[PDB]
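Asks: Listed in order, the protein sequences are those of chains A, B, C and D. Under the authors' numbering, the first residue of the first sequence is numbered 497, with each subsequent residue one higher. Under the authors' numbering, the first residue of the second sequence is numbered 1, with each subsequent residue one higher. Under the authors' numbering, the first residue of the third sequence is numbered 1, with each subsequent residue one higher. Under the authors' numbering, the first residue of the fourth sequence is numbered 398, with each subsequent residue one higher. If you scroll down you'll find the structure; I have some questions about it.
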Amino acid sequence: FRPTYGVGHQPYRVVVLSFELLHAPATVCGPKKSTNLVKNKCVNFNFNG
Amino acid sequence: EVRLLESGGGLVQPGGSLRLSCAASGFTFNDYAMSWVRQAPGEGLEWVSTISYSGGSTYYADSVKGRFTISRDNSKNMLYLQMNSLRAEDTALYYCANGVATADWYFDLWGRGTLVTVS
Amino acid sequence: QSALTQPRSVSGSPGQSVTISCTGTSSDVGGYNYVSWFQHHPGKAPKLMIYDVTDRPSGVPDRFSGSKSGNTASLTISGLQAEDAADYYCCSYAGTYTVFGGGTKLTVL
Amino acid sequence: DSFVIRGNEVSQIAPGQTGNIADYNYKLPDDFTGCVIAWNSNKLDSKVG
C-alpha cells in the first residue's frame with residue numbers, strides 16, 4: 497500500500513458482524529431505557545416486565 | 001499521524017558549526033532508532049548517521065566522523081545532528097528517517113528534508 | 001523555487017488576529033489533504049501546530065487554526081502574544097514528497 | 398471478523414459474490430446474516446514505497 501494510489505488501491509480496514517439467531521439463551525441486548533419514577537398518581541407502569 | 005520533520009538548515013561558513021533537529025510525531029519516538037540521511041548537489045543519497053531508540057548508541061558515516069554528532073532527546077521526541085568543522089561537501093538536503101512500520105534498522109517513514117548550505 | 005507561496009512577513013498587534021495564506025499547485029495543496037502548518041525560529045526545530053488542514057496536535061492553543069480552499073490553505077492566529085513571533089511555514093505531504101512553503105515571519109509589535 | 402483488503406475489493410465481502418477477495422482468501426455464505434463495516438485507512442497501513 498502506497499499513499500498515492502487510486503482509491504481502489506489504498507487499504508481498507510474492515511469488520512463484519514455475524515451472529516446466530518437460533519434463539520439460544522439470550523446473551524446480548526441493550527435498551528434498558530429507564531424513566532424517572534412517579535408517585536401518588538394512578539399511572540401505567542412497566543417494572544421489569 | 002506518523003510524520004518526520006527535519007530542521008536546522010541554514011547558511012554556515014566552512015569549518016563552522018550547525019545543529020540539526022528532527023521532530024517526531026504520530027508514533028513512539030523512543031521505541032525506534034533514528035538516522036540522518038543527506039543528498040549533496042549532484043551526488044546520490046548518503047547515510048550520514050544513525051542513533052538507536054535509547055540514545056546510548058550512535059552510528060556515523062566515515063565521510064563525516066568526528067565532525068558530526070547525532071543525538072536524541074527521548075523526553076521531547078526530538079532528534080539532533082551536531083555538525084562541526086562543516087565542509088563544502090556537507091552542502092545537502094538532510095533527512096531524518098526511521099522504521100516504525102517495517103523494522104528498527106530501515107527507513108520507511110521520511111520527512112521532506114531540510115537544506116543545509118555550506119558557502 | 002516550487003514551494004508553496006506564503007507571505008514573507010506578516011505583522012499583528014498583541015491580542016489581535018492575523019491570517020496567513022498558503023497557495024500551492026495541483027500536486028500538493030490541491031492534491032491531498034495532507035497540509036501542515038509549522039512555527040519556526042531559524043536555529044531551532046519547527047514545532048508542529050497544525051497537521052491535518054484543520055486539526056491541532058497536542059499542546060497548541062486553539063488560537064492557531066487552519067483552513068483550505070482549493071489550492072490555497074490559510075492559517076489564522078488569534079490572541080497574538082509576543083512569543084508567537086516566529087517564522088511560519090505551511091507544509092504539504094504529497095505521497096512521494098513533502099513540501100514546505102517559503103515561510104512567513106510574524107512580528108508581534 | 399477483522400482484516401484488511403485493497404480498495405477495489407471491499408465489495409467482495411457479500412453473500413455469494415465472486416471476485417478475488419471472496420474466491421480464495423475467505424468467502425461468506427449466500428444466506429449470510431449480519432452487517433459489514435469498512436473504512437479506508439491510509440494513514441496507518443500505507444507507507445511510502
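We treat Cβ as the ideally placed atom computed from N, Cα and C, and that holds for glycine.
Could you tell me which uninterrupted beta strand (DSSP E) segments, each at least 3 residues in length, are contained entirely in the region 21-50 of chain B, listed from first to last along the chain?
Replies: Entirely contained in the region 21-50 of chain B, the beta strand (DSSP E) runs reaching 3 residues are, in chain order, 34-39.
Asks: Beta strand (DSSP E) containing A:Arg509: first to last residue?
Replies: Its beta strand (DSSP E) spans residues 508-514.
Asks: Identify the contact partners of A:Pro499 in chain C, using a Cβ-Cβ distance below 7 Å as the criterion.
Replies: Those are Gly95, listed as they occur along chain C.
Asks: Taking C:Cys90 and C:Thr98 to be in contact with their CB atoms under 8 Å, please state how far apart those CB atoms are, rounded to whole angstroms.
Replies: Actually they are not in contact, since the Cβ atoms of C:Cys90 and C:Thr98 sit about 11 Å apart, beyond 8 Å.
Asks: Using a Cβ-Cβ distance under 8 Å, would D:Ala435 count as near chain A?
Replies: Closer than 8 Å to some Cβ of chain A, the Cβ of D:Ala435 qualifies, so yes.
Asks: Inspect the CB distances between the region 51-69 of chain C and the region 11-21 of chain B and report whether three or more fall short of 8 Å.
Replies: Touching, no, given that fewer than three Cβ pairs across the two stretches are closer than 8 Å.
Asks: Under 7 Å Cβ-Cβ, which residues of chain B neighbour D:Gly446?
Replies: Residues of chain B passing the Cβ test: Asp108.
Asks: Could you name the residues of chain D that residue 127 of chain B contacts, counting a contact when the two beta carbons are closer than 8 Å?
Replies: This structure cannot speak to residue 127 of chain B, because chain B is shown only from 1 to 119.
Asks: Between B:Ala88 and the rest of its own chain, which residues show a CB-CB distance below 7 Å, the 5 nearest in sequence each way excluded?
Replies: Closer than 7 Å at Cβ, skipping near neighbours: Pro14, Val118.
Asks: Which class does B:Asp73 belong to by DSSP, given the choice of helix, strand or coil?
Replies: Three-state result, B:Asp73: strand.
Asks: Just verifying my parser: in three-state terms, what is the DSSP assignment at B:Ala97?
Replies: Strand at B:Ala97.
Asks: What does the alpha-carbon distance come out to for the pair B:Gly44 and D:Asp428?
Replies: Computed Cα separation, rounded: 58 Å.
Asks: Please confirm whether B:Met34 and B:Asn98 have their CB atoms less than 8 Å apart.
Replies: It is a contact, given that the beta carbons lie within the stated cut-off.
Asks: By the criterion of Cβ-Cβ separation under 7 Å, what are the contact partners of D:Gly431 in chain A?
Replies: In chain order: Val512, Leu513, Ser514, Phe515.
Asks: Using the Cα positions of C:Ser17 and A:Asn544, report the straight-line distance between them to the nearest angstrom.
Replies: If I take the Cα positions, the gap works out to 58 Å.
Asks: A:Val524 by DSSP, collapsed to three states: which one?
Replies: Coil at A:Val524, not helix or strand.
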